[PDB]
Structures are given as C-alpha cells and as structure tokens.
Amino acid sequence: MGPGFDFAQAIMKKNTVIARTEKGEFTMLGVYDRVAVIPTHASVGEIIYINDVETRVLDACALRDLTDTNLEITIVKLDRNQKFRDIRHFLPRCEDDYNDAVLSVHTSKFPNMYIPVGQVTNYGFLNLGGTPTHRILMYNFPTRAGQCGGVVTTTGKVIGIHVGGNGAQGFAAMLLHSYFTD
C-alpha cells in the first residue's frame, strides 16, 4: 500500500521459504548463500522440509550472547541446490529502536500476510516462554500463533524475526550484521 509494504514484499518474494519441523510450519528468512534463520523454538534437526521438499541440514546453531543468554535465533545452513539473494547489506549493525515497521508472514495458514505494527522498541530482556532472552524488539500489535519466523522490516532494513507475544504486544529477536560474517 506504501513504500514500507514495497520493501517488505521485495524481501518476501525472493528471501523467504516455508520451513516445516516437528514443531510446525514457520516463515524462514534466507540471508545469503544457503544460510537462513528461524526461531530456536522451531527445534531444527538433521532434516527439515523447505517448501515441502525434504532437505538435509548441514549446520544449525542456536545463538546466545556473551552472557550465555538465549537470543532465540537459530542460523541454519541448508543442503539446497540454489542460493538466496544476499541481503546482509539490509541488516542493522547495532541494537536500535525503529519507526513504522511491517511484520510479513508466508505459510499455508497465512499466505501473503503483511501487518503494519508501527513503532518498535528496543525492549531488551524478556522472559520468553520461561526462557530469559536478550535483544528483544517489541511492537504493540496482538500477534497470534502462526506468525513465528515472520520478518520485521522498515524501508531499507531487515531488523528482526517474530518469536512470540502476550496477546497485546508482539516480540521479535534482533538480526545484526555481525551474526552473518563468514
């Protein structure tokens, strides 16, 4: 509908796949080469389904900060025959607050879904499903089951992936450029 939705659509059309684990279907953001991200509560194993194709997992790493606190991001390398467009230049370098973000989801349950969530706060610490979690972004939208792994963007930046909510607020794990130096 406007330039925020334009940037979000461009990311969804080229840099997302539908990932299925034993814990459900998730929006999965491809970042570069065969490297993608998913919430850690997806519990990625040795095999994952990518757009309904059985795919070997070459590596999976559940990220933690240097206080050894959960970040809720798992970086997955996929045994896939095709690379993602490299979008690492759209990742923020530092923890920040943002205006006018869009949360975008693409699954069997929620195809081509886009939500203007408005202002995004650097919330920091969250007890997420009983797990102490750092680098959380917060937005005042009543997000629901089915939206985990959803991509949070502003114009020109990919800032986070949706990892939970409390019925009134939604929460995303930060994406930082430093996670994807190779």
# chains A, B, ... in the order shown; residues from 1 in each chain; ligands from 1
>>> residues_around(residues="residue 9 of chain A", least_positions_apart="2", cutoff="12 Å", atoms="only C-alpha atoms", output="list in words")
residues 1, 2, 3, 4, 5, 6, 7, 11, 12, 13, 14, 15, 16, 102, 103, 104, 105, 106, 112, 113, 114, 115, 151, 152, 153, 154, 155, 156 and 158 of chain A
>>> write_last_selection(atoms="N, CA, C and O atoms", output="compact mmCIF listing (two decimals), in the first residue's frame")
# COMPACT_ATOMS: atom_id res chain seq x y z
N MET A 1 0.82 -1.25 0.00
CA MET A 1 0.00 0.00 0.00
C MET A 1 0.85 1.28 0.00
O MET A 1 0.30 2.33 -0.37
N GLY A 2 2.11 1.21 0.40
CA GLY A 2 3.07 2.33 0.54
C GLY A 2 4.49 1.78 0.57
O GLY A 2 4.66 0.57 0.42
N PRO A 3 5.54 2.64 0.68
CA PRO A 3 6.94 2.22 0.49
C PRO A 3 7.48 1.19 1.51
O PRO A 3 8.40 0.44 1.17
N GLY A 4 6.89 1.15 2.71
CA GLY A 4 7.20 0.13 3.74
C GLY A 4 6.75 -1.24 3.27
O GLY A 4 7.55 -2.22 3.40
N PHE A 5 5.53 -1.32 2.76
CA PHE A 5 4.98 -2.58 2.22
C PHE A 5 5.76 -2.99 0.97
O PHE A 5 5.91 -4.20 0.76
N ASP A 6 6.21 -2.03 0.16
CA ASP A 6 7.03 -2.30 -1.06
C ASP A 6 8.33 -3.04 -0.68
O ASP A 6 8.62 -4.13 -1.24
N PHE A 7 9.05 -2.54 0.31
CA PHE A 7 10.31 -3.16 0.77
C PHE A 7 10.00 -4.55 1.35
O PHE A 7 10.65 -5.51 0.98
N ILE A 11 11.39 -8.36 -0.04
CA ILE A 11 12.05 -9.38 0.84
C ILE A 11 11.26 -10.69 0.80
O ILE A 11 11.87 -11.77 0.64
N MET A 12 9.93 -10.64 0.94
CA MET A 12 9.16 -11.89 0.98
C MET A 12 9.28 -12.63 -0.34
O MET A 12 9.36 -13.88 -0.30
N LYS A 13 9.27 -11.91 -1.47
CA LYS A 13 9.16 -12.58 -2.80
C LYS A 13 10.45 -13.34 -3.15
O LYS A 13 10.36 -14.31 -3.92
N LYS A 14 11.61 -12.95 -2.62
CA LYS A 14 12.89 -13.55 -3.04
C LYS A 14 13.63 -14.20 -1.88
O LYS A 14 14.44 -15.10 -2.17
N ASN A 15 13.40 -13.79 -0.63
CA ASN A 15 14.26 -14.22 0.51
C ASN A 15 13.47 -15.01 1.56
O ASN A 15 13.99 -15.08 2.72
N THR A 16 12.31 -15.60 1.26
CA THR A 16 11.61 -16.45 2.26
C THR A 16 11.28 -17.81 1.65
O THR A 16 11.16 -17.93 0.39
N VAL A 102 6.86 -3.17 9.43
CA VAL A 102 5.90 -4.15 8.85
C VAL A 102 6.40 -5.52 9.30
O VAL A 102 7.65 -5.75 9.27
N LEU A 103 5.47 -6.35 9.75
CA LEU A 103 5.69 -7.79 10.01
C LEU A 103 5.06 -8.57 8.88
O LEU A 103 3.82 -8.42 8.64
N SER A 104 5.85 -9.38 8.16
CA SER A 104 5.37 -10.15 6.98
C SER A 104 5.54 -11.66 7.21
O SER A 104 6.62 -12.08 7.67
N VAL A 105 4.49 -12.42 6.90
CA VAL A 105 4.37 -13.87 7.14
C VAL A 105 3.96 -14.55 5.85
O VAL A 105 3.13 -14.02 5.07
N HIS A 106 4.52 -15.72 5.58
CA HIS A 106 4.08 -16.53 4.44
C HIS A 106 4.11 -18.01 4.83
O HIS A 106 5.21 -18.59 4.92
N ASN A 112 0.89 -14.57 2.12
CA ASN A 112 0.92 -13.16 1.66
C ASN A 112 0.34 -12.22 2.71
O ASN A 112 -0.32 -11.26 2.31
N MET A 113 0.69 -12.42 3.97
CA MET A 113 0.21 -11.60 5.10
C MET A 113 1.22 -10.50 5.43
O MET A 113 2.45 -10.79 5.60
N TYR A 114 0.74 -9.27 5.56
CA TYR A 114 1.56 -8.09 5.90
C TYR A 114 0.81 -7.30 6.98
O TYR A 114 -0.37 -7.02 6.76
N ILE A 115 1.49 -6.91 8.05
CA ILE A 115 0.87 -6.19 9.22
C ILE A 115 1.69 -4.95 9.52
O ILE A 115 2.87 -5.07 9.82
N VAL A 151 8.97 -11.87 9.23
CA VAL A 151 10.10 -10.91 9.04
C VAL A 151 9.63 -9.52 9.45
O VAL A 151 8.55 -9.07 8.96
N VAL A 152 10.41 -8.85 10.29
CA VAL A 152 10.18 -7.43 10.66
C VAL A 152 11.11 -6.54 9.85
O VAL A 152 12.37 -6.69 9.93
N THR A 153 10.53 -5.62 9.07
CA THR A 153 11.30 -4.68 8.23
C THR A 153 10.87 -3.22 8.49
O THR A 153 9.71 -2.99 8.87
N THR A 154 11.78 -2.31 8.20
CA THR A 154 11.42 -0.91 7.85
C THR A 154 11.83 -0.69 6.39
O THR A 154 12.49 -1.58 5.83
N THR A 155 11.57 0.49 5.83
CA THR A 155 12.15 0.83 4.50
C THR A 155 13.68 0.69 4.59
O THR A 155 14.31 1.32 5.41
N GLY A 156 14.22 -0.24 3.83
CA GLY A 156 15.65 -0.42 3.62
C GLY A 156 16.30 -1.23 4.70
O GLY A 156 17.48 -1.42 4.55
N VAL A 158 16.09 -4.91 7.30
CA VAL A 158 15.53 -6.17 7.85
C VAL A 158 16.02 -6.27 9.29
O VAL A 158 17.24 -6.45 9.49
>>> select_by_dssp(residues="segment 13-169 of chain A", states="strand (DSSP E or B)", output="VMD selection string")
chain A and resid 16 to 21 24 to 33 35 to 39 47 to 50 53 to 64 70 to 78 84 98 to 105 113 to 128 131 to 139 151 to 154 157 to 165
>>> residues_around(residues="segment 95-101 of chain A", least_positions_apart="5", cutoff="9 Å", atoms="only C-alpha atoms", output="PDB file with C-alpha atoms, in the first residue's frame")
ATOM      1  CA  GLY A   4       7.200   0.135   3.738  1.00  0.00           C
ATOM      2  CA  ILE A 115       0.874  -6.191   9.223  1.00  0.00           C
ATOM      3  CA  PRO A 116       1.827  -2.536   9.876  1.00  0.00           C
ATOM      4  CA  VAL A 117       2.951  -2.831  13.546  1.00  0.00           C
ATOM      5  CA  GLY A 118       4.081   0.831  13.970  1.00  0.00           C
ATOM      6  CA  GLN A 119       6.794   1.836  16.478  1.00  0.00           C
ATOM      7  CA  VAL A 120       9.371  -0.820  17.519  1.00  0.00           C
ATOM      8  CA  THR A 121      11.040  -0.506  20.994  1.00  0.00           C
ATOM      9  CA  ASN A 122      14.484  -1.919  21.933  1.00  0.00           C
ATOM     10  CA  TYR A 123      12.864  -3.853  24.808  1.00  0.00           C
ATOM     11  CA  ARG A 135      17.943  -8.342  22.261  1.00  0.00           C
ATOM     12  CA  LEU A 137      12.252  -5.826  19.915  1.00  0.00           C
ATOM     13  CA  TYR A 139       5.641  -3.697  18.942  1.00  0.00           C
ATOM     14  CA  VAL A 152      10.183  -7.426  10.659  1.00  0.00           C
ATOM     15  CA  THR A 153      11.296  -4.679   8.228  1.00  0.00           C
ATOM     16  CA  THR A 154      11.418  -0.911   7.849  1.00  0.00           C
ATOM     17  CA  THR A 155      12.145   0.832   4.497  1.00  0.00           C
ATOM     18  CA  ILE A 159      15.590  -5.762  11.658  1.00  0.00           C
ATOM     19  CA  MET A 174      17.083  -8.710  16.558  1.00  0.00           C
ATOM     20  CA  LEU A 175      19.009  -9.531  13.394  1.00  0.00           C
ATOM     21  CA  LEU A 176      22.507  -7.973  13.432  1.00  0.00           C
TER      22      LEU A 176
END
>>> atom_distance(atom1="atom CA of residue 170 of chain A", atom2="atom CA of residue 52 of chain A")
27.8 Å
>>> atom_distance(atom1="atom CA of residue 53 of chain A", atom2="atom CA of residue 31 of chain A")
19.3 Å
>>> residues_around(residues="residue 131 of chain A", least_positions_apart="2", cutoff="12 Å", atoms="only C-alpha atoms", output="tab-separated table (two decimals) with C-alpha atoms, in the first residue's frame")
chain	number	residue	atom	x	y	z
A	40	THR	CA	15.13	-21.54	18.08
A	41	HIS	CA	11.80	-22.95	19.43
A	64	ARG	CA	23.42	-16.95	22.64
A	69	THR	CA	21.70	-15.79	27.42
A	70	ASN	CA	19.31	-17.16	24.75
A	71	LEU	CA	18.85	-14.91	21.64
A	72	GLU	CA	16.04	-17.18	20.16
A	125	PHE	CA	15.28	-8.58	28.35
A	126	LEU	CA	12.17	-10.79	28.04
A	127	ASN	CA	11.17	-13.98	29.89
A	128	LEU	CA	10.00	-15.73	26.69
A	129	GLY	CA	8.04	-18.94	27.45
A	133	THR	CA	16.03	-13.87	26.36
A	134	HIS	CA	18.05	-10.77	25.27
A	164	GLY	CA	6.32	-14.51	20.45
>>> residues_around(residues="segment 32-39 of chain A", least_positions_apart="6", cutoff="6 Å", atoms="only C-alpha atoms", output="VMD selection string")
chain A and resid 72 to 78 83 to 86 149
>>> write_last_selection(atoms="N, CA and C atoms", output="compact mmCIF listing (two decimals), in the first residue's frame")
# COMPACT_ATOMS: atom_id res chain seq x y z
N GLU A 72 17.25 -16.61 20.82
CA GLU A 72 16.04 -17.18 20.16
C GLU A 72 16.20 -17.22 18.64
N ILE A 73 17.43 -17.00 18.12
CA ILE A 73 17.71 -17.12 16.66
C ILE A 73 18.52 -18.41 16.47
N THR A 74 18.09 -19.26 15.55
CA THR A 74 18.93 -20.38 15.05
C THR A 74 19.33 -20.07 13.60
N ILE A 75 20.62 -20.13 13.30
CA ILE A 75 21.16 -19.98 11.93
C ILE A 75 21.29 -21.37 11.36
N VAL A 76 20.68 -21.59 10.20
CA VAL A 76 20.61 -22.93 9.56
C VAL A 76 21.33 -22.85 8.23
N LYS A 77 22.22 -23.79 7.95
CA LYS A 77 22.71 -23.94 6.58
C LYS A 77 22.02 -25.14 5.94
N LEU A 78 21.40 -24.94 4.78
CA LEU A 78 20.52 -25.92 4.12
C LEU A 78 21.30 -26.61 2.98
N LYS A 83 21.04 -20.75 -4.18
CA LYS A 83 21.39 -19.72 -3.18
C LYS A 83 20.29 -18.65 -3.06
N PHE A 84 20.24 -18.03 -1.89
CA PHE A 84 19.41 -16.82 -1.64
C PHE A 84 20.14 -15.61 -2.21
N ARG A 85 19.36 -14.67 -2.72
CA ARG A 85 19.87 -13.28 -2.88
C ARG A 85 20.55 -12.85 -1.57
N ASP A 86 21.73 -12.27 -1.66
CA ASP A 86 22.47 -11.80 -0.47
C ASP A 86 21.80 -10.49 0.00
N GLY A 149 8.60 -16.52 13.11
CA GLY A 149 9.54 -16.53 11.98
C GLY A 149 9.21 -15.39 11.03
>>> residues_around(residues="residue 168 of chain A", least_positions_apart="5", cutoff="9 Å", atoms="only C-alpha atoms", output="ChimeraX atom specification")
/A:140-143
>>> atom_distance(atom1="atom CA of residue 124 of chain A", atom2="atom CA of residue 61 of chain A")
21.2 Å
>>> select_by_dssp(residues="chain A", states="helix (DSSP H, G or I)", output="ChimeraX atom specification")
/A:3-15,40-42,88-90,177-180
>>> closest_residue(among="A:161, A:44, A:172, A:87", to="residue 10 of chain A", atoms="only C-alpha atoms")
A:87
>>> closest_residue(among="A:60, A:130, A:94, A:160", to="residue 29 of chain A", atoms="only C-alpha atoms")
A:160
